[PDB]
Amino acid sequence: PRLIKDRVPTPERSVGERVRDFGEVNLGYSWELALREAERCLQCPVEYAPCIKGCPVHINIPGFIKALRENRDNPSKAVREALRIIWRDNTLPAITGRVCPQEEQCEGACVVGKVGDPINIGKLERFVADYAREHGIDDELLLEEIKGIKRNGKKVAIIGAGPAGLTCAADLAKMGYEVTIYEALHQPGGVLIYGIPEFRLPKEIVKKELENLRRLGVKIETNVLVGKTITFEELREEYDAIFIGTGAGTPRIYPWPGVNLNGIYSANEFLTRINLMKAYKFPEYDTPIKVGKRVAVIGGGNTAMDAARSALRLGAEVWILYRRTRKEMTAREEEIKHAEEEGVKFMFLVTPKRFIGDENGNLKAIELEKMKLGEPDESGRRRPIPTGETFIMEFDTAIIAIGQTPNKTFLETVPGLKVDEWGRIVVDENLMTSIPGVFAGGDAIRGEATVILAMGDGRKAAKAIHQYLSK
């Protein structure tokens, strides 16, 4: 076949406008642009298509794209059929189309990307979900699912209201179970609500899923820290099965001298204040946040990028301080580029040695060690090696973004639950834990991973719960 090698671009807000707020940067496709991009797809056979193999839940990508092309003149029918196809495998397309690292997944595998730009699969998936939401087409398909529910009288508890728990709950409700989700924070959504900022994941997208859960008859109980507010044994007595979707929500903190100086935040604290508590709207909202004139963000993943771009929106000069080079960074390529555009400064091959304070206990500077690249490590990326050369760089604020890990406090209290040395719940091939009738998925079993894997695990666990309780 002949290939159209250039992607149809999605429009984005200007840098000058968007650094003044937390609104979504990328405006997504219109119908006309989405159809043009869909036309670039070569329609590889489903039983071969490499994009399908690269999607962790194997969405029928050529199929949903074909549904758009075959309905060129009826966008509502096109979107309805495309969304039906997507929903066979993915509950959260408006989210995953925005946040998957597609260059490592579907798009990285697309044949067109070998000679030009891969099909913009994530933006097409996003377009289908967004258009459907704006036109009530998703509600149509959901009401169709709701009609088919046959209540079975059995009760299942979900611990945690992130993508894994929300997805598991919806699938179980469709199977007829009476589902309750218990969530420790005052709003559900997990990382989707407190971690990923509105400039790439608008809260409306998460709230839509909560509305869907309301319509499906799922109950959500916020302000419930399972292990304290309700015990695990109380849940086992009341429920026929339990799904643990508690994520990896504790910050990794390295024992750098000076890490408790004022002006040093974990990324989780900084992002929770910004995103969940709306501290960027202080004093309209009551939670404060404080950035100085110069902010350092330690790390190179999505968390680091989100913290850096949030701090920039508060008016600071912001530096990413990352111990490898650009090539090794793990954040989504699209968002690294957005950070560069917005004016985040990058320093590579550096790692902190200590944080330096003034007399009042406030951060004044960071002593950094220079690194050099060595042999590839287990991830296939060249490892950072310290050179012994250090220097001091002045900063007023620092945000630590070196990863997150599960909360062992919760986990140790769960009687009978087997957990590995990294805090991951051990599960069998059916996502069942060491406790019969208790299942787990998402970051709680993987460590920090992706939204799409958490969604996929929620669906797999729902099917396993159904099998377990049906036998």
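Numbers for residues come from their place in the sequence shown, where the first is 1.
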query: Mean C-alpha temperature factor, higher of 299-307 and 351-359; finding: 351-359
query: Which of 241-249 and 318-326 has higher mean CA B factor, as the PDB entry lists it; finding: 318-326
query: Top residue by Cα temperature factor, when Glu144, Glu209, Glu125, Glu335 are compared in the entry; finding: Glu144
query: Candidate set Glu375, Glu107, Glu198, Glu234 [ranked by C-alpha B-factor, highest]; finding: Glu375
query: CA B-factor ranking of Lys408, expressed as a third of its chain; finding: highest
query: Modelled-residue ranking by C-alpha temperature factor, third containing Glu221; finding: lowest
query: Chain-relative CA temperature factor third for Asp428; finding: middle
query: Cα B factor band for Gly113 (lowest, middle or highest third within the chain); finding: middle
query: Within-chain third of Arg72 by Cα B-factor, per the entry; finding: highest
